[PDB]
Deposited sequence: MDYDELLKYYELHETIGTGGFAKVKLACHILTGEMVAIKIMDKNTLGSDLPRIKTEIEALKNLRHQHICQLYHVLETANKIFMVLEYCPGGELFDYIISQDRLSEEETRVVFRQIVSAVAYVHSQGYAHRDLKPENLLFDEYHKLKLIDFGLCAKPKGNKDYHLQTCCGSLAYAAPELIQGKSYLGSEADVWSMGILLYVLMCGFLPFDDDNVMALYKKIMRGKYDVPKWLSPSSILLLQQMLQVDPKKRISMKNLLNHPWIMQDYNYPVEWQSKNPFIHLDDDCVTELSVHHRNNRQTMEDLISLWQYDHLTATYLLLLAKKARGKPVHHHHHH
């Protein structure tokens, strides 16, 4: 009963990870990742609402939501490059230059999330995946609003906070891990870790440049009001080094504009006219029609 409707649209492959299954969209032949959630074993509603309203080059795209009596299925953008967490480990640590390449992509996604009125609240390398073009995609918006090693001091303490300030702190931890390959605050004991985060003191390895050190101090402030704002992160001197242009955070992936080639390709599978087809896609119901349209756009982007 749980997989009946899903099997009308997707050919299921292997379980890779909520359970995560790889699959192929029948109509287009495009690969997808399907996140499966048991309604009676559980956050799902939070992530769905957010993802329906977020659409960006650095956010893992939601294509289709299906619901049964026991399950909720979320069909998502295929990211075969795997986790940034596994990537950092495989490389030991990244140079400042490669860190900047990946960090500017994280800044792009996070700034857009804040521009839409949300805060991610769970930024960490396990939540960033590489796609086939080696571009980062931000995942898991289950804790989003309108892990302990990455949490801001105020968030752990159960104090009132601004999600944007907690995200900037988490991005500071990410920046450190990218250039060092280990956490700034770490301990086997949870209370000793909590003490280390509240104190805000960390080791500064010899390989970090003066500019990297200054940017880390600006993000890693225990006092959230002393943290750099997202707007100042966009054109920060360290961020601009070797680029000379601020981070492009605006979305290149629209809700309004439709691609004529993909509307044409999609229309052959339906008994409706052109205008009816465009009006239906524009409703963004995250049904099979939404999935088909967005997967045709990903197929076109490959060519």
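Trainee: Could you give the ranges of the deposited sequence that carry no C-alpha coordinates?
Mentor: No coordinates exist for the deposited residues in 18 to 21, 47 to 51, 156 to 169, 327 to 335, so these stretches are absent from the model.
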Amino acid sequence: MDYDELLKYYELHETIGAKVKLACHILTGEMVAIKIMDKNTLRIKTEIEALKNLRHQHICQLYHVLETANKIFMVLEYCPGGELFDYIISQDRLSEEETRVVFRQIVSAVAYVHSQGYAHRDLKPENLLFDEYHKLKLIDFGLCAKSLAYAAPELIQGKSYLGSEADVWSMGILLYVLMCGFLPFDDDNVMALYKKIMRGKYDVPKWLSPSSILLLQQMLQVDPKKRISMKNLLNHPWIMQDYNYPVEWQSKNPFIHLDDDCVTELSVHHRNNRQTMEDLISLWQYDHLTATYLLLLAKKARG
From here on, numbers count along this sequence of modelled residues.
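Take the two forms, superpose them, and find the largest set of C-alpha atoms that agree within 1.5 Å; that set is the rigid core.
Trainee: Which stretch is less alike in 6 other deposited structures of this protein, 69 to 77 or 169 to 177, counting RMS CA distance after the rigid core is superposed?
Mentor: Higher average C-alpha offset in 6 other deposited structures of this protein goes to 69 to 77.
Trainee: Which of these two stretches, 135 to 143 or 119 to 127, has the larger RMS Cα offset in 6 other deposited structures of this protein when the rigid core is kept aligned?
Mentor: The stretch that sits farther from the shown form in 6 other deposited structures of this protein is 135 to 143.
Trainee: Would you say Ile106 is commonly dropped, meaning unmodelled in a third or more of the other compared entries that have residues on each side of it?
Mentor: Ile106: modelled in all of the comparison entries.
Trainee: For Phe182, do at least a third of the other compared PDB entries give no atomic coordinates?
Mentor: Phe182: modelled in every other compared entry.
Trainee: If you take the mean CA temperature factor per stretch, which one wins between 104 to 112 and 226 to 234?
Mentor: Taking the mean B-factor of the alpha carbons in each, 226 to 234 is higher.
Trainee: Report the stretch with the higher mean CA temperature factor, choosing between 255 to 263 and 33 to 41 on the basis of the entry.
Mentor: According to the PDB entry, the answer is 33 to 41.
Trainee: C-alpha B factor of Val65, ranked within the chain: lowest, middle or highest third?
Mentor: Answer is middle: the recorded C-alpha B-factor places it there.
Trainee: Is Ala119 in the lowest, middle or highest third of its chain when residues are ranked by C-alpha B-factor?
Mentor: As the PDB entry reports it, the C-alpha B-factor of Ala119 lands in the lowest third of its chain.
Trainee: Consider only the C-alpha atoms of the modelled residues in this chain, order them by B-factor as the entry records it, and name the third containing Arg93: lowest, middle or highest.
Mentor: Ranked within chain, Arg93 CA B lands in the middle tercile.
Trainee: Would you please rank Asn127 by its C-alpha temperature factor against the other modelled residues of its chain and give the third it falls in: lowest, middle or highest?
Mentor: For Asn127, whose C-alpha B-factor we compare with every modelled residue in the chain, the answer is the lowest third.
Trainee: Using the temperature factors of the C-alpha atoms in this entry, rank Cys24 within its chain: lowest, middle or highest third.
Mentor: For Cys24, the deposited C-alpha B-factor lands in the highest third.
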